[PDB]
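Structure file structure17.cif (mmCIF, N, CA, C and O atoms) is printed below.
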```cif
data_target
loop_
_atom_site.label_atom_id
_atom_site.label_comp_id
_atom_site.auth_asym_id
_atom_site.auth_seq_id
_atom_site.Cartn_x
_atom_site.Cartn_y
_atom_site.Cartn_z
N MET A 1 59.51 14.68 26.29
CA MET A 1 58.25 15.01 25.57
C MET A 1 58.58 15.52 24.17
O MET A 1 59.47 16.35 24.00
N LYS A 2 57.84 15.02 23.18
CA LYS A 2 58.07 15.39 21.79
C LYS A 2 56.83 15.89 21.07
O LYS A 2 55.71 15.42 21.32
N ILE A 3 57.03 16.84 20.17
CA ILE A 3 55.94 17.38 19.37
C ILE A 3 55.76 16.44 18.19
O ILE A 3 56.73 16.13 17.49
N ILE A 4 54.53 15.98 17.97
CA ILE A 4 54.24 15.07 16.87
C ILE A 4 53.55 15.77 15.71
O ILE A 4 53.52 15.25 14.59
N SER A 5 53.01 16.96 15.97
CA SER A 5 52.31 17.73 14.94
C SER A 5 52.02 19.18 15.31
O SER A 5 51.64 19.47 16.44
N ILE A 6 52.21 20.08 14.35
CA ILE A 6 51.96 21.51 14.53
C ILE A 6 51.04 21.93 13.39
O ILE A 6 51.35 21.71 12.21
N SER A 7 49.89 22.51 13.72
CA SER A 7 48.96 22.90 12.67
C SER A 7 48.39 24.29 12.81
O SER A 7 48.69 25.01 13.76
N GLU A 8 47.58 24.66 11.84
CA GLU A 8 46.94 25.95 11.82
C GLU A 8 45.55 25.73 12.40
O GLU A 8 44.97 24.66 12.27
N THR A 9 45.01 26.76 13.04
CA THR A 9 43.70 26.63 13.62
C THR A 9 42.76 27.57 12.86
O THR A 9 43.21 28.43 12.10
N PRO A 10 41.44 27.41 13.05
CA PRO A 10 40.49 28.29 12.36
C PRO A 10 40.74 29.76 12.69
O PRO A 10 40.19 30.65 12.04
N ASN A 11 41.58 30.02 13.69
CA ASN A 11 41.90 31.39 14.06
C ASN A 11 43.37 31.69 13.76
O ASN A 11 44.16 30.78 13.51
N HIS A 12 43.74 32.96 13.80
CA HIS A 12 45.10 33.34 13.47
C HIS A 12 46.10 33.40 14.63
O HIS A 12 47.28 33.05 14.47
N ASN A 13 45.63 33.85 15.79
CA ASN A 13 46.47 33.98 16.98
C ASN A 13 46.60 32.69 17.78
O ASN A 13 47.08 32.71 18.91
N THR A 14 46.18 31.58 17.19
CA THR A 14 46.24 30.31 17.88
C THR A 14 46.64 29.15 16.97
O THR A 14 46.25 29.09 15.81
N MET A 15 47.49 28.27 17.51
CA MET A 15 47.96 27.09 16.77
C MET A 15 47.86 25.84 17.64
O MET A 15 48.13 25.88 18.83
N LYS A 16 47.46 24.73 17.03
CA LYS A 16 47.31 23.47 17.74
C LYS A 16 48.58 22.63 17.62
O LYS A 16 48.97 22.22 16.52
N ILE A 17 49.21 22.38 18.76
CA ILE A 17 50.42 21.59 18.84
C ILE A 17 50.07 20.25 19.50
O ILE A 17 49.67 20.21 20.66
N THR A 18 50.21 19.16 18.75
CA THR A 18 49.91 17.85 19.30
C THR A 18 51.16 17.19 19.88
O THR A 18 52.18 17.07 19.20
N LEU A 19 51.09 16.77 21.14
CA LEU A 19 52.22 16.14 21.80
C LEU A 19 52.07 14.62 21.82
O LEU A 19 50.99 14.09 21.56
N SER A 20 53.16 13.92 22.11
CA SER A 20 53.15 12.47 22.16
C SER A 20 52.49 11.97 23.44
O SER A 20 51.56 11.15 23.40
N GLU A 21 52.96 12.50 24.57
CA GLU A 21 52.43 12.13 25.88
C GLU A 21 51.06 12.77 26.09
O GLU A 21 50.92 14.00 26.09
N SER A 22 50.04 11.93 26.25
CA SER A 22 48.67 12.37 26.44
C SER A 22 48.37 12.69 27.91
O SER A 22 49.11 12.27 28.80
N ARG A 23 47.30 13.44 28.15
CA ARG A 23 46.90 13.84 29.51
C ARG A 23 46.13 12.70 30.20
O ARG A 23 45.36 11.98 29.57
N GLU A 24 46.35 12.54 31.50
CA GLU A 24 45.69 11.49 32.26
C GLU A 24 44.20 11.75 32.48
O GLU A 24 43.37 10.86 32.29
N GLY A 25 43.87 12.98 32.88
CA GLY A 25 42.49 13.35 33.09
C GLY A 25 41.82 13.73 31.79
O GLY A 25 42.48 14.02 30.80
N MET A 26 40.49 13.74 31.79
CA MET A 26 39.73 14.09 30.59
C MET A 26 39.39 15.58 30.57
O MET A 26 38.89 16.09 29.56
N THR A 27 39.64 16.27 31.68
CA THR A 27 39.34 17.69 31.75
C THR A 27 40.43 18.52 31.10
O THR A 27 41.53 18.03 30.83
N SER A 28 40.12 19.78 30.84
CA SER A 28 41.07 20.68 30.22
C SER A 28 41.55 21.69 31.24
O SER A 28 41.00 21.78 32.34
N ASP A 29 42.57 22.45 30.85
CA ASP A 29 43.17 23.49 31.69
C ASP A 29 43.65 24.62 30.79
O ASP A 29 44.23 24.38 29.74
N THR A 30 43.39 25.86 31.21
CA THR A 30 43.82 27.03 30.46
C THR A 30 44.75 27.82 31.36
O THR A 30 44.33 28.35 32.40
N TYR A 31 46.01 27.89 30.97
CA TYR A 31 47.01 28.60 31.75
C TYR A 31 47.34 29.93 31.12
O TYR A 31 47.74 29.98 29.96
N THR A 32 47.19 30.99 31.89
CA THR A 32 47.47 32.34 31.40
C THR A 32 48.71 32.95 32.04
O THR A 32 49.27 33.91 31.52
N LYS A 33 49.14 32.38 33.16
CA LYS A 33 50.31 32.88 33.88
C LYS A 33 51.10 31.73 34.53
O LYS A 33 50.53 30.68 34.84
N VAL A 34 52.39 31.94 34.75
CA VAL A 34 53.22 30.89 35.34
C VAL A 34 53.15 30.85 36.87
O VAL A 34 53.02 31.88 37.53
N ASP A 35 53.22 29.63 37.41
CA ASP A 35 53.25 29.41 38.85
C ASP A 35 53.59 27.95 39.14
O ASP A 35 53.31 27.06 38.34
N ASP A 36 54.21 27.74 40.29
CA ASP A 36 54.67 26.42 40.71
C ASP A 36 53.72 25.22 40.60
O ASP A 36 54.19 24.09 40.53
N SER A 37 52.41 25.44 40.59
CA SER A 37 51.47 24.33 40.50
C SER A 37 51.38 23.71 39.10
O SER A 37 51.21 22.49 38.97
N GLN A 38 51.51 24.52 38.07
CA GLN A 38 51.43 24.03 36.69
C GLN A 38 52.62 23.16 36.30
O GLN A 38 53.63 23.14 37.00
N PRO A 39 52.50 22.41 35.19
CA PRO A 39 53.63 21.58 34.77
C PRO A 39 54.80 22.51 34.37
O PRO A 39 54.58 23.64 33.95
N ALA A 40 56.03 22.02 34.49
CA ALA A 40 57.20 22.83 34.15
C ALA A 40 57.23 23.28 32.70
O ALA A 40 57.45 24.46 32.42
N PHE A 41 57.03 22.35 31.77
CA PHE A 41 57.09 22.74 30.37
C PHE A 41 56.04 23.82 30.11
O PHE A 41 56.26 24.71 29.28
N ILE A 42 54.93 23.79 30.86
CA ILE A 42 53.87 24.78 30.71
C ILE A 42 54.32 26.19 31.12
O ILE A 42 53.94 27.18 30.48
N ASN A 43 55.12 26.30 32.18
CA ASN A 43 55.61 27.61 32.60
C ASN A 43 56.69 28.10 31.64
O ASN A 43 56.85 29.30 31.45
N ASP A 44 57.44 27.18 31.06
CA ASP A 44 58.47 27.61 30.15
C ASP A 44 57.87 28.18 28.88
O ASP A 44 58.39 29.13 28.32
N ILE A 45 56.75 27.62 28.43
CA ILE A 45 56.11 28.12 27.23
C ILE A 45 55.54 29.52 27.49
O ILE A 45 55.73 30.42 26.68
N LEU A 46 54.85 29.70 28.61
CA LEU A 46 54.29 31.01 28.95
C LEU A 46 55.34 32.13 29.01
O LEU A 46 55.06 33.26 28.65
N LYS A 47 56.54 31.80 29.48
CA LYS A 47 57.62 32.77 29.59
C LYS A 47 58.12 33.21 28.22
O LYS A 47 58.93 34.14 28.11
N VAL A 48 57.67 32.54 27.17
CA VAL A 48 58.06 32.88 25.80
C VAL A 48 57.38 34.18 25.39
O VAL A 48 56.16 34.30 25.47
N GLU A 49 58.18 35.15 24.97
CA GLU A 49 57.70 36.46 24.54
C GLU A 49 56.73 36.31 23.38
O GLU A 49 57.11 35.87 22.29
N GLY A 50 55.48 36.67 23.62
CA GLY A 50 54.48 36.56 22.57
C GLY A 50 53.38 35.56 22.88
O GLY A 50 52.30 35.62 22.28
N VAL A 51 53.65 34.64 23.79
CA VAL A 51 52.64 33.67 24.16
C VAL A 51 51.64 34.35 25.07
O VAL A 51 52.02 34.98 26.06
N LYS A 52 50.37 34.24 24.73
CA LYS A 52 49.31 34.86 25.53
C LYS A 52 48.73 33.86 26.55
O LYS A 52 48.69 34.14 27.74
N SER A 53 48.26 32.71 26.07
CA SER A 53 47.69 31.70 26.95
C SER A 53 47.91 30.32 26.36
O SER A 53 48.39 30.20 25.23
N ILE A 54 47.54 29.30 27.12
CA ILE A 54 47.69 27.92 26.70
C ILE A 54 46.47 27.08 27.07
O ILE A 54 46.04 27.09 28.22
N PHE A 55 45.91 26.38 26.10
CA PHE A 55 44.78 25.50 26.35
C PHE A 55 45.36 24.11 26.27
O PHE A 55 45.90 23.73 25.24
N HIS A 56 45.25 23.35 27.36
CA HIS A 56 45.80 22.00 27.41
C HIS A 56 44.73 20.95 27.70
O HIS A 56 44.08 20.99 28.74
N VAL A 57 44.57 20.00 26.78
CA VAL A 57 43.57 18.95 26.96
C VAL A 57 43.87 17.72 26.11
O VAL A 57 44.24 17.84 24.96
N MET A 58 43.69 16.53 26.69
CA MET A 58 43.95 15.30 25.95
C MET A 58 45.43 15.19 25.53
O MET A 58 46.32 15.20 26.38
N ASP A 59 45.68 15.09 24.22
CA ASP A 59 47.05 14.94 23.70
C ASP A 59 47.58 16.18 22.97
O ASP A 59 48.43 16.07 22.09
N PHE A 60 47.09 17.37 23.34
CA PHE A 60 47.54 18.58 22.66
C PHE A 60 47.35 19.86 23.45
O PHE A 60 46.51 19.94 24.34
N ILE A 61 48.13 20.87 23.09
CA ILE A 61 48.02 22.18 23.71
C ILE A 61 47.79 23.19 22.60
O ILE A 61 48.44 23.13 21.55
N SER A 62 46.84 24.08 22.81
CA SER A 62 46.57 25.13 21.84
C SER A 62 47.15 26.39 22.44
O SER A 62 46.69 26.90 23.47
N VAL A 63 48.18 26.89 21.77
CA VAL A 63 48.89 28.07 22.19
C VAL A 63 48.33 29.31 21.49
O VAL A 63 48.10 29.29 20.28
N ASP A 64 48.10 30.37 22.25
CA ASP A 64 47.61 31.63 21.71
C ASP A 64 48.73 32.66 21.83
O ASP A 64 49.31 32.83 22.90
N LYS A 65 49.01 33.34 20.73
CA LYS A 65 50.05 34.35 20.70
C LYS A 65 49.43 35.73 20.89
O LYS A 65 48.21 35.87 20.89
N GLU A 66 50.28 36.73 21.06
CA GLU A 66 49.83 38.10 21.21
C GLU A 66 49.45 38.58 19.81
O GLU A 66 50.07 38.18 18.82
N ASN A 67 48.43 39.43 19.72
CA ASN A 67 47.98 39.95 18.43
C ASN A 67 49.09 40.65 17.65
O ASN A 67 49.13 40.61 16.42
N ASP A 68 50.01 41.27 18.38
CA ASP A 68 51.11 41.98 17.75
C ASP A 68 52.32 41.09 17.45
O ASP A 68 53.22 41.51 16.72
N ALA A 69 52.33 39.88 17.99
CA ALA A 69 53.45 38.97 17.75
C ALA A 69 53.23 38.11 16.52
O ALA A 69 52.11 37.98 16.01
N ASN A 70 54.32 37.51 16.03
CA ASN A 70 54.26 36.64 14.86
C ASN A 70 54.81 35.25 15.18
O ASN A 70 55.79 35.11 15.90
N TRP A 71 54.20 34.23 14.60
CA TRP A 71 54.61 32.86 14.84
C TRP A 71 56.01 32.52 14.39
O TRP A 71 56.63 31.61 14.95
N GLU A 72 56.52 33.23 13.38
CA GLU A 72 57.87 33.00 12.86
C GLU A 72 58.91 33.15 13.98
O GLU A 72 59.96 32.51 13.95
N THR A 73 58.62 34.00 14.96
CA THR A 73 59.53 34.22 16.08
C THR A 73 59.15 33.49 17.37
O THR A 73 60.02 33.17 18.18
N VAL A 74 57.85 33.25 17.55
CA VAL A 74 57.33 32.58 18.75
C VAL A 74 57.39 31.05 18.67
O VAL A 74 57.84 30.40 19.62
N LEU A 75 56.97 30.49 17.55
CA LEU A 75 56.94 29.03 17.37
C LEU A 75 58.28 28.35 17.64
O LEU A 75 58.33 27.32 18.32
N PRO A 76 59.38 28.91 17.13
CA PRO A 76 60.68 28.27 17.37
C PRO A 76 61.06 28.25 18.84
O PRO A 76 61.62 27.26 19.34
N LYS A 77 60.75 29.33 19.54
CA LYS A 77 61.08 29.38 20.96
C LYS A 77 60.15 28.43 21.71
O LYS A 77 60.53 27.84 22.72
N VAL A 78 58.93 28.27 21.19
CA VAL A 78 57.97 27.37 21.81
C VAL A 78 58.42 25.93 21.69
O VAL A 78 58.30 25.16 22.64
N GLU A 79 58.93 25.56 20.53
CA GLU A 79 59.39 24.20 20.30
C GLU A 79 60.71 23.98 21.02
O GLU A 79 61.05 22.87 21.39
N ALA A 80 61.46 25.06 21.21
CA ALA A 80 62.75 24.98 21.89
C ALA A 80 62.59 24.50 23.33
O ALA A 80 63.53 23.97 23.93
N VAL A 81 61.40 24.69 23.89
CA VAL A 81 61.10 24.28 25.25
C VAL A 81 61.21 22.76 25.38
O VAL A 81 61.77 22.26 26.34
N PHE A 82 60.68 22.03 24.40
CA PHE A 82 60.73 20.57 24.45
C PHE A 82 62.16 20.09 24.18
O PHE A 82 62.47 18.91 24.32
N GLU A 83 63.02 21.03 23.81
CA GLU A 83 64.42 20.73 23.55
C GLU A 83 64.57 19.67 22.49
O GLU A 83 64.40 20.01 21.29
#
```
Kindly present the structure from the file in structure tokens form.
Amino acid sequence: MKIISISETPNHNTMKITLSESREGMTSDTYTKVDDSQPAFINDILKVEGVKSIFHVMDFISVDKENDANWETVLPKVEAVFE
């Protein structure tokens, strides 16, 4: 899986990351905690210090960081997940 685009969102604690592989279903999913049912890359992102939640729908995931955290330190670890 590869990141094709990283952008800024109308909000500060959230960024829209567009992936190459699109979602099969048309529904969305919001993951706030890790567990065996979610996709693996999804649990790896949540384990990143500073990640608050993840909105996943279509061909992108919107990651929300902690109000006290900064993207300069979170974003790299987030992209590191896709290796």
message: I need the output of the PyMOL selection byres ((chain A and resi 58-75) around 4.5) for this file as number ranges by chain; which residues are they?
response: A: 13-19, 22-23, 50-57, 76-79
- line: residue A:33 proximity check over A:47, A:5, A:10, A:80, using only N, CA, C and O atoms: winner is A:47
message: Quick check, in Å to one decimal: how far apart do atom O of residue A:83 and atom N of residue A:27 lie?
response: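 Between atom O of residue A:83 and atom N of residue A:27 the gap works out to 27.1 Å.
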Close residues, residue A:34 itself excluded, 7 Å, all atoms listed in the file, min 5 positions apart in chain, as a PDB file with N, CA, C and O atoms, in the frame of the given file:
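Everything below was put into around_11.pdb:
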```
ATOM      1  N   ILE A  42      54.930  23.790  30.860  1.00  0.00           N
ATOM      2  CA  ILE A  42      53.870  24.780  30.710  1.00  0.00           C
ATOM      3  C   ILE A  42      54.320  26.190  31.120  1.00  0.00           C
ATOM      4  O   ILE A  42      53.940  27.180  30.480  1.00  0.00           O
ATOM      5  N   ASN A  43      55.120  26.300  32.180  1.00  0.00           N
ATOM      6  CA  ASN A  43      55.610  27.610  32.600  1.00  0.00           C
ATOM      7  C   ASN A  43      56.690  28.100  31.640  1.00  0.00           C
ATOM      8  O   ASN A  43      56.850  29.300  31.450  1.00  0.00           O
ATOM      9  N   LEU A  46      54.850  29.700  28.610  1.00  0.00           N
ATOM     10  CA  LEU A  46      54.290  31.010  28.950  1.00  0.00           C
ATOM     11  C   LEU A  46      55.340  32.130  29.010  1.00  0.00           C
ATOM     12  O   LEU A  46      55.060  33.260  28.650  1.00  0.00           O
ATOM     13  N   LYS A  47      56.540  31.800  29.480  1.00  0.00           N
ATOM     14  CA  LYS A  47      57.620  32.770  29.590  1.00  0.00           C
ATOM     15  C   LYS A  47      58.120  33.210  28.220  1.00  0.00           C
ATOM     16  O   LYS A  47      58.930  34.140  28.110  1.00  0.00           O
TER      17      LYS A  47
END
```
Quick one: DSSP strand (DSSP E) residues in chain A, as a tab-separated table (two decimals) with N, CA, C and O atoms, keeping the file's coordinate frame?
```
chain	number	residue	atom	x	y	z
A	3	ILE	N	57.03	16.84	20.17
A	3	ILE	CA	55.94	17.38	19.37
A	3	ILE	C	55.76	16.44	18.19
A	3	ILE	O	56.73	16.13	17.49
A	4	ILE	N	54.53	15.98	17.97
A	4	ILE	CA	54.24	15.07	16.87
A	4	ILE	C	53.55	15.77	15.71
A	4	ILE	O	53.52	15.25	14.59
A	5	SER	N	53.01	16.96	15.97
A	5	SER	CA	52.31	17.73	14.94
A	5	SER	C	52.02	19.18	15.31
A	5	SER	O	51.64	19.47	16.44
A	6	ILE	N	52.21	20.08	14.35
A	6	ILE	CA	51.96	21.51	14.53
A	6	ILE	C	51.04	21.93	13.39
A	6	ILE	O	51.35	21.71	12.21
A	7	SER	N	49.89	22.51	13.72
A	7	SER	CA	48.96	22.90	12.67
A	7	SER	C	48.39	24.29	12.81
A	7	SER	O	48.69	25.01	13.76
A	8	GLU	N	47.58	24.66	11.84
A	8	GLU	CA	46.94	25.95	11.82
A	8	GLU	C	45.55	25.73	12.40
A	8	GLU	O	44.97	24.66	12.27
A	14	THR	N	46.18	31.58	17.19
A	14	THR	CA	46.24	30.31	17.88
A	14	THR	C	46.64	29.15	16.97
A	14	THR	O	46.25	29.09	15.81
A	15	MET	N	47.49	28.27	17.51
A	15	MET	CA	47.96	27.09	16.77
A	15	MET	C	47.86	25.84	17.64
A	15	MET	O	48.13	25.88	18.83
A	16	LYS	N	47.46	24.73	17.03
A	16	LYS	CA	47.31	23.47	17.74
A	16	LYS	C	48.58	22.63	17.62
A	16	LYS	O	48.97	22.22	16.52
A	17	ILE	N	49.21	22.38	18.76
A	17	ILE	CA	50.42	21.59	18.84
A	17	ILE	C	50.07	20.25	19.50
A	17	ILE	O	49.67	20.21	20.66
A	18	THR	N	50.21	19.16	18.75
A	18	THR	CA	49.91	17.85	19.30
A	18	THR	C	51.16	17.19	19.88
A	18	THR	O	52.18	17.07	19.20
A	19	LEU	N	51.09	16.77	21.14
A	19	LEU	CA	52.22	16.14	21.80
A	19	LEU	C	52.07	14.62	21.82
A	19	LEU	O	50.99	14.09	21.56
A	29	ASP	N	42.57	22.45	30.85
A	29	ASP	CA	43.17	23.49	31.69
A	29	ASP	C	43.65	24.62	30.79
A	29	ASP	O	44.23	24.38	29.74
A	30	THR	N	43.39	25.86	31.21
A	30	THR	CA	43.82	27.03	30.46
A	30	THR	C	44.75	27.82	31.36
A	30	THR	O	44.33	28.35	32.40
A	31	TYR	N	46.01	27.89	30.97
A	31	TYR	CA	47.01	28.60	31.75
A	31	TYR	C	47.34	29.93	31.12
A	31	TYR	O	47.74	29.98	29.96
A	51	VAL	N	53.65	34.64	23.79
A	51	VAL	CA	52.64	33.67	24.16
A	51	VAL	C	51.64	34.35	25.07
A	51	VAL	O	52.02	34.98	26.06
A	52	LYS	N	50.37	34.24	24.73
A	52	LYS	CA	49.31	34.86	25.53
A	52	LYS	C	48.73	33.86	26.55
A	52	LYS	O	48.69	34.14	27.74
A	53	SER	N	48.26	32.71	26.07
A	53	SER	CA	47.69	31.70	26.95
A	53	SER	C	47.91	30.32	26.36
A	53	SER	O	48.39	30.20	25.23
A	54	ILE	N	47.54	29.30	27.12
A	54	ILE	CA	47.69	27.92	26.70
A	54	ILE	C	46.47	27.08	27.07
A	54	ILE	O	46.04	27.09	28.22
A	55	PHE	N	45.91	26.38	26.10
A	55	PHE	CA	44.78	25.50	26.35
A	55	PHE	C	45.36	24.11	26.27
A	55	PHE	O	45.90	23.73	25.24
A	56	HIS	N	45.25	23.35	27.36
A	56	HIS	CA	45.80	22.00	27.41
A	56	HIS	C	44.73	20.95	27.70
A	56	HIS	O	44.08	20.99	28.74
A	57	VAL	N	44.57	20.00	26.78
A	57	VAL	CA	43.57	18.95	26.96
A	57	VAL	C	43.87	17.72	26.11
A	57	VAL	O	44.24	17.84	24.96
A	60	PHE	N	47.09	17.37	23.34
A	60	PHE	CA	47.54	18.58	22.66
A	60	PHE	C	47.35	19.86	23.45
A	60	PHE	O	46.51	19.94	24.34
A	61	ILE	N	48.13	20.87	23.09
A	61	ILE	CA	48.02	22.18	23.71
A	61	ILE	C	47.79	23.19	22.60
A	61	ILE	O	48.44	23.13	21.55
A	62	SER	N	46.84	24.08	22.81
A	62	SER	CA	46.57	25.13	21.84
A	62	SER	C	47.15	26.39	22.44
A	62	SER	O	46.69	26.90	23.47
A	63	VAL	N	48.18	26.89	21.77
A	63	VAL	CA	48.89	28.07	22.19
A	63	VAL	C	48.33	29.31	21.49
A	63	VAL	O	48.10	29.29	20.28
A	64	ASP	N	48.10	30.37	22.25
A	64	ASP	CA	47.61	31.63	21.71
A	64	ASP	C	48.73	32.66	21.83
A	64	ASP	O	49.31	32.83	22.90
A	65	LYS	N	49.01	33.34	20.73
A	65	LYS	CA	50.05	34.35	20.70
A	65	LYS	C	49.43	35.73	20.89
A	65	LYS	O	48.21	35.87	20.89
```
query: Hey, what does DSSP flag as helix (DSSP H, G or I) within chain A? Can you give it to me as a list in words?
result: residues 40, 41, 42, 43, 44, 45, 46, 71, 72, 73, 74, 75, 76, 77, 78, 79 and 80 of chain A
For the selection just defined, write its residues with N, CA, C and O atoms to a file, as an mmCIF file, in the coordinates of the input.
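Output file selection04.cif follows:
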```cif
data_model
loop_
_atom_site.group_PDB
_atom_site.id
_atom_site.type_symbol
_atom_site.label_atom_id
_atom_site.label_comp_id
_atom_site.auth_asym_id
_atom_site.auth_seq_id
_atom_site.Cartn_x
_atom_site.Cartn_y
_atom_site.Cartn_z
ATOM 1 N N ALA A 40 56.030 22.020 34.490
ATOM 2 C CA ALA A 40 57.200 22.830 34.150
ATOM 3 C C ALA A 40 57.230 23.280 32.700
ATOM 4 O O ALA A 40 57.450 24.460 32.420
ATOM 5 N N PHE A 41 57.030 22.350 31.770
ATOM 6 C CA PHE A 41 57.090 22.740 30.370
ATOM 7 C C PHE A 41 56.040 23.820 30.110
ATOM 8 O O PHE A 41 56.260 24.710 29.280
ATOM 9 N N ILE A 42 54.930 23.790 30.860
ATOM 10 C CA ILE A 42 53.870 24.780 30.710
ATOM 11 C C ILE A 42 54.320 26.190 31.120
ATOM 12 O O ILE A 42 53.940 27.180 30.480
ATOM 13 N N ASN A 43 55.120 26.300 32.180
ATOM 14 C CA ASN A 43 55.610 27.610 32.600
ATOM 15 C C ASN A 43 56.690 28.100 31.640
ATOM 16 O O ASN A 43 56.850 29.300 31.450
ATOM 17 N N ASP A 44 57.440 27.180 31.060
ATOM 18 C CA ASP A 44 58.470 27.610 30.150
ATOM 19 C C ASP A 44 57.870 28.180 28.880
ATOM 20 O O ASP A 44 58.390 29.130 28.320
ATOM 21 N N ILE A 45 56.750 27.620 28.430
ATOM 22 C CA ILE A 45 56.110 28.120 27.230
ATOM 23 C C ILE A 45 55.540 29.520 27.490
ATOM 24 O O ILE A 45 55.730 30.420 26.680
ATOM 25 N N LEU A 46 54.850 29.700 28.610
ATOM 26 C CA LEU A 46 54.290 31.010 28.950
ATOM 27 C C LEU A 46 55.340 32.130 29.010
ATOM 28 O O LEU A 46 55.060 33.260 28.650
ATOM 29 N N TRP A 71 54.200 34.230 14.600
ATOM 30 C CA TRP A 71 54.610 32.860 14.840
ATOM 31 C C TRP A 71 56.010 32.520 14.390
ATOM 32 O O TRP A 71 56.630 31.610 14.950
ATOM 33 N N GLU A 72 56.520 33.230 13.380
ATOM 34 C CA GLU A 72 57.870 33.000 12.860
ATOM 35 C C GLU A 72 58.910 33.150 13.980
ATOM 36 O O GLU A 72 59.960 32.510 13.950
ATOM 37 N N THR A 73 58.620 34.000 14.960
ATOM 38 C CA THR A 73 59.530 34.220 16.080
ATOM 39 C C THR A 73 59.150 33.490 17.370
ATOM 40 O O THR A 73 60.020 33.170 18.180
ATOM 41 N N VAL A 74 57.850 33.250 17.550
ATOM 42 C CA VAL A 74 57.330 32.580 18.750
ATOM 43 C C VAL A 74 57.390 31.050 18.670
ATOM 44 O O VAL A 74 57.840 30.400 19.620
ATOM 45 N N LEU A 75 56.970 30.490 17.550
ATOM 46 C CA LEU A 75 56.940 29.030 17.370
ATOM 47 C C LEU A 75 58.280 28.350 17.640
ATOM 48 O O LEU A 75 58.330 27.320 18.320
ATOM 49 N N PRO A 76 59.380 28.910 17.130
ATOM 50 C CA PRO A 76 60.680 28.270 17.370
ATOM 51 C C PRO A 76 61.060 28.250 18.840
ATOM 52 O O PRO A 76 61.620 27.260 19.340
ATOM 53 N N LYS A 77 60.750 29.330 19.540
ATOM 54 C CA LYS A 77 61.080 29.380 20.960
ATOM 55 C C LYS A 77 60.150 28.430 21.710
ATOM 56 O O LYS A 77 60.530 27.840 22.720
ATOM 57 N N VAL A 78 58.930 28.270 21.190
ATOM 58 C CA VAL A 78 57.970 27.370 21.810
ATOM 59 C C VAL A 78 58.420 25.930 21.690
ATOM 60 O O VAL A 78 58.300 25.160 22.640
ATOM 61 N N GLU A 79 58.930 25.560 20.530
ATOM 62 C CA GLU A 79 59.390 24.200 20.300
ATOM 63 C C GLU A 79 60.710 23.980 21.020
ATOM 64 O O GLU A 79 61.050 22.870 21.390
ATOM 65 N N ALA A 80 61.460 25.060 21.210
ATOM 66 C CA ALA A 80 62.750 24.980 21.890
ATOM 67 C C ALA A 80 62.590 24.500 23.330
ATOM 68 O O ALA A 80 63.530 23.970 23.930
#
```
Two-atom distance - atom CA of residue A:11, atom N of residue A:49 (Å):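 Interatomic distance here is 20.0 Å.
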statement: re atom C of residue A:37 and atom N of residue A:4: distance 22.7 Å
- prompt: Between A:45, A:24, A:9, A:32, which has the minimum distance to residue A:81 (counting all atoms listed in the file)?
  reply: A:45
- prompt: Around (54.9, 14.2, 26.7) in the file's own coordinates, what residues are found within 6 Å if you use only C-alpha atoms, given back as a list in words?
  reply: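 Using only C-alpha atoms, the matching residues come out as residues 1, 2, 19, 20 and 21 of chain A.
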N, CA, C and O atoms of the current selection, written as a compact mmCIF listing (two decimals), in the coordinates of the input:
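Result file follows (selection-v2.txt):
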```txt
# COMPACT_ATOMS: atom_id res chain seq x y z
N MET A 1 59.51 14.68 26.29
CA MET A 1 58.25 15.01 25.57
C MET A 1 58.58 15.52 24.17
O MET A 1 59.47 16.35 24.00
N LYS A 2 57.84 15.02 23.18
CA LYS A 2 58.07 15.39 21.79
C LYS A 2 56.83 15.89 21.07
O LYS A 2 55.71 15.42 21.32
N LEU A 19 51.09 16.77 21.14
CA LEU A 19 52.22 16.14 21.80
C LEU A 19 52.07 14.62 21.82
O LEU A 19 50.99 14.09 21.56
N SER A 20 53.16 13.92 22.11
CA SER A 20 53.15 12.47 22.16
C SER A 20 52.49 11.97 23.44
O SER A 20 51.56 11.15 23.40
N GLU A 21 52.96 12.50 24.57
CA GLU A 21 52.43 12.13 25.88
C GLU A 21 51.06 12.77 26.09
O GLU A 21 50.92 14.00 26.09
```
